[PDB]
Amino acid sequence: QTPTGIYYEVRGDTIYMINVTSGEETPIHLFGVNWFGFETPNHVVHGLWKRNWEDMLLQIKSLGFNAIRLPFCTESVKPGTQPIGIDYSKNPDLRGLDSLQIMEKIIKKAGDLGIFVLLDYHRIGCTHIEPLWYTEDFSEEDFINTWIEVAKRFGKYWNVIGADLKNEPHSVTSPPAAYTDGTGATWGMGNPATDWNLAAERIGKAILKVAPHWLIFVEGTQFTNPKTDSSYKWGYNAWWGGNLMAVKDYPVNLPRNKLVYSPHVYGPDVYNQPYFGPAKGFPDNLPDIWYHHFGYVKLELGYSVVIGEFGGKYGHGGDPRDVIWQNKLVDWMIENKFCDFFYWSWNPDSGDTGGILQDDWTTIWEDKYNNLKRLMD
């Protein structure tokens, strides 16, 4: 069932797109990039002070990408939020539009270009990623209502493939405190106050009620439960939204044909993880770590796994080990058929990662892009 005539579904570990009108059904791949800004105080994708928004989408497509993960915050999706940081001289058709109208315009145009869009509820506020899907201030029912409103609106755009429920569930304290102190996300504690896996079924079910044709992207947490995390030597060193070690024993209960697990994984430019030390076997020790944290969900369990974020400076003003790290990760994704992904980020203005575009928001980093395009064939 679909309001657009397009229906998305997971068969095995492959995402398929169905056109109910022509009857066409083909598998699709997501060669994506994250274009952020709608989750920041700007309330609009960044770079429009230097580029025309349409030109940005065209350039993204020209490089072989066919998908964009679009992060947003609660404020950006409500009527009337004023965006800041747009050169209207370059973006005349954006004059007088609120953030919601600009998002609509961008998504509609991305569709004309054949670019898929994944909506990502990145932050409740607009300044940072919260560890849980609710705060002292904002309840879970508010979170879900925000999603319901977003789904009823954007569900009408054919190229929107679904929802990445919550960006990077994580913890702010250490374990074992973290598993019960209630300040962070968990998985398999059988505790509804902090179990992201239990939360995902709830949020996801609400969204599917209004957008049945959508896919539901579920990220990992940081820590899961002490049994799971302790059963692996690097079980306490997974990235925020990067721990899917608990999926085996605690699958997320959403229809199999709608669920997509979406882990995040980073390099040394983001955090100097202990396993990045050469004396620890870096980078040849990585495949097994990636396998344990999330790879097995696809390779062993057969689920669709779409890396939601990964990136780094690739040696440009950053830790030189990051070049090796990205080269190794892409090697591994290609070998193991992790064909769907979203790179962080299209934007060059990411403090610890830089992006595909250089600081001038116009030219790209050739070596970084040449490594990544191996995934695009």
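Residue positions are given as counts along the sequence shown, with the first one as 1.
Across the two stretches, 55-63 and 311-319, the PDB entry reports the greater mean Cα temperature factor for 311-319. Mean CA B-factor, 200-208 versus 114-122: the higher value falls on 200-208. If you compare the C-alpha temperature factors of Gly267, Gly295, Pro263, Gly80 in the entry, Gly80 comes out highest. In the deposited coordinates, the residue among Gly162, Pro226, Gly277, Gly302 with the greatest CA B-factor is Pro226.
In the PDB entry, a CA B factor belonging to the highest third of its chain's modelled residues is recorded for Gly184. Ranked against the other modelled residues of its chain, the C-alpha B-factor of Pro176 as given in the entry falls in the highest third.
Ranked by C-alpha B-factor against the other modelled residues of its chain, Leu375 falls in the middle third. The PDB entry assigns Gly235 a C-alpha temperature factor belonging to the highest third of its chain's modelled residues. Sort the chain's modelled residues by C-alpha temperature factor and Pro92 lands in the middle third, per the entry.
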